[PDB]
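In the form solved without the named molecule, a lone chain appears below as structure tokens.
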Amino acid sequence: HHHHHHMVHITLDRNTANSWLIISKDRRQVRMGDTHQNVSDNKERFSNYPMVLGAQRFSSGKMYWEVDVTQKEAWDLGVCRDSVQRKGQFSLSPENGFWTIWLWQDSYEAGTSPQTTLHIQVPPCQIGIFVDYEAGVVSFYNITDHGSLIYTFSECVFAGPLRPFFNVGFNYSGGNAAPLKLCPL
């Protein structure tokens, strides 16, 4: 693809993080802690899942960023409405304000309702995410496989400002401790 020139510098918003997440000083990496991270609760924090938002809000234009997923067993990535539900149980779907893909149990799926099987021959170590606000498009690219397309959500109805969305996943197995990292431009 040729979206690299719309690169944006994303940083994580501490205040939105689940209370078990550890965000690096530079706000560019996040991982699951082995306990509560000694923060106060607030209405912004994702309560049920190890999720966090980017600080940046997008309401126009074209935006591109990359995320490192090396050696993780489980994760969710994409964008969401600024006003998504934070508390309790919910599914990742466009009806709920999310445009996401994930890894779970050795398969990759797009967060449609119901979910869509992805066809990935080369397991990605870095994922590229492209958003065209006006066109209503969110696309995912396999940076490890020369930028090959993973999935395109089209005819998106954003219905609000968008925020970068992350889920580091649980670490029940002891094999999913590795961080998500925002990769340099």
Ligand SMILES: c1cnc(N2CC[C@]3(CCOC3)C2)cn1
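Sequential numbering from 1, following the sequence displayed.
In this entry, the higher average B-factor at the C-alpha atoms falls on 39 to 47, of the pair 39 to 47 and 65 to 73. The mean C-alpha temperature factor is higher for 119 to 127 when 119 to 127 and 148 to 156 are set side by side. Remark: of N167, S24, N18, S173, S24 shows the highest value [criterion: C-alpha B-factor in the PDB entry]. Split the chain's modelled residues into thirds by C-alpha temperature factor. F90 is in the highest one. Ranked by Cα temperature factor within the chain, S113 sits in the highest third according to the deposited record. When the CA B factors of the chain's modelled residues are split into thirds, the value for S107 lands in the highest one.
Among the modelled residues of its chain, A177 has a C-alpha B-factor that falls in the middle third according to the deposited record.
Per-chain ranking of the deposited C-alpha B factor places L162 in the lowest third.
What comes next is about the form solved in complex with the named molecule, which is not displayed.
Placing the named molecule onto this chain after superposition of the site C-alphas, with its pose taken in the entry with it bound, gives no ligand atom within 2.4 angstroms of any backbone or C-beta atom; the site is classed as open. The named molecule is not drawn, but in the entry with it bound it has no heavy atom within 4.5 Å of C80.
Using a 4.5 angstroms limit between non-hydrogen atoms, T16 is distant from the named molecule in the entry with it bound. Taken together, the three residues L103, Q115 and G169 all come within 4.5 Å of the named molecule in the entry with it bound, as judged by their closest heavy atom. Using a 4.5 Å cut-off on any heavy atom, the residues of 49 to 75 that reach the named molecule in the entry with it bound are, in sequence order, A74, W75.
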